[PDB]
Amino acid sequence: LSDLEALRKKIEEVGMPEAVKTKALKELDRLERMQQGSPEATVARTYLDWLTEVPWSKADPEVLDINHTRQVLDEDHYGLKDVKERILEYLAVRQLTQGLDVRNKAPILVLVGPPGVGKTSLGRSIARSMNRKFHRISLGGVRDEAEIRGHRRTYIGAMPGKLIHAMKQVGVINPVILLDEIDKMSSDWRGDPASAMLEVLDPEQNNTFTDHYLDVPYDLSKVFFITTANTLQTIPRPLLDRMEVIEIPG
């Protein structure tokens, strides 16, 4: 009790970074000064909800054990022992890898095969076996940088992009997020789809991902991303060049 007192409290207790908390308190101070229910106050309150409800340090317990993953994959899919062995190998190297090899070596995972081979359901199995939340974001036909990174809150109708919506729904910093159909993004982008997707997927960059709505850096580096495609042929080359491919089948 009440809305703004709770919100003040919320700001100190969520693991929010020091600069972000400063910016948030400065905005709460201004909000407290506006005409309640005005469009300006509605915009400001909405912004502070976003900053307080995206996860900052809440994480689900880390449980990666490849022998358990093996048993989960076998419950969920029949056969596919070659695919399953590549998945386990990929995961093993993460269950062990140390450094800023993690920024480099760490290519982006892509599962590739035609429809109905079960690519999304492999993702869900992986996630389940590590006890992590799973969220799927469809890229099929996505045609605008703003769907990925939002608009500045000064524009009418502005909100965050899909990545920050997902972090807020999942409520933890370490989900598994599956980007589906990275080979079917529109060729109509005004901006650069390859760069925009590298800002999310590349571990050299995604620790300070900048959603134009949130207007502060946000750390996507604890997310385990999986991408999928039917073909490699329509994946932009800068992405492709960072991808580790698992073909289904496989």
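Residue positions are given as counts along the sequence shown, with the first one as 1.
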{"item": "Greater mean Cα temperature factor according to the PDB record, 239-247 or 1-9", "value": "1-9"}
{"item": "Greater mean Cα temperature factor according to the PDB record, 24-32 or 205-213", "value": "24-32"}
{"item": "Per the PDB entry, maximal CA B factor within 60, 183, 53, 199", "value": "60"}
{"item": "Most elevated Cα B-factor in the entry, residues 79, 107, 157, 160", "value": "107"}
{"item": "Relative C-alpha B-factor of residue 177, binned into the chain's lowest, middle or highest third", "value": "lowest"}
{"item": "Assigned third (lowest, middle, highest) for the C-alpha B factor of residue 115", "value": "highest"}
{"item": "Third of the chain's Cα B-factor distribution that residue 170 belongs to, per the entry", "value": "middle"}
{"item": "Residue 74, C-alpha B-factor rank within chain (lowest, middle or highest third)", "value": "lowest"}
{"item": "Third assignment of residue 64 from its chain's C-alpha B-factors", "value": "highest"}
